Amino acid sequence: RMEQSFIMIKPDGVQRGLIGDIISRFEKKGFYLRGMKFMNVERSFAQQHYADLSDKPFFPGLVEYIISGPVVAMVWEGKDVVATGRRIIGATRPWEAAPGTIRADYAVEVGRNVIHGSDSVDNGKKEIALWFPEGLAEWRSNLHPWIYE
């Protein structure tokens, strides 16, 4: 069906002027932008985001890091956006990702691997609920009949 995924451009990806590039890959892919906002993640909120790892050792670092620079919060839609978004993004380790993927092309180190994507439809539904409580933008592309069906 029309599932959605949460895609986030991290601090490093912003400092290195990669926003347009990332958004262009998803645009030409046929997926639909449903939500986008550029903003400074706050501590409390960041802990909320990395809550499923509050137990873990690297949690504090995660929180601290994402607070260091504004990020771009997105939500895209279409057949297999969660899984394809992951595929498009590439391996966690840049030197492991496949050429053609975002991380294989723009990243060098795991800790600065430019982007983030929901690893599942449910985690996506949860992430979307946390970042876009206000809801998303409604619209339908006039090219829909040529992308689907």
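One-based numbering along the sequence shown.
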Highest mean C-alpha temperature factor of the two stretches 8 to 16 and 135 to 143, which is it?
135 to 143
Segment of higher mean CA temperature factor, 109 to 117 or 54 to 62
54 to 62
What's the residue among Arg34, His49, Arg43, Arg87 with the greatest CA temperature factor in the PDB record?
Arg87
For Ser68, the third of its chain into which the C-alpha B factor falls
highest
Quick tally, chain-level thirds of C-alpha B-factors: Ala129 sits in the highest
According to the PDB entry, is the CA B factor of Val82 in the bottom, middle or top third of its chain, that is, lowest, middle or highest?
middle
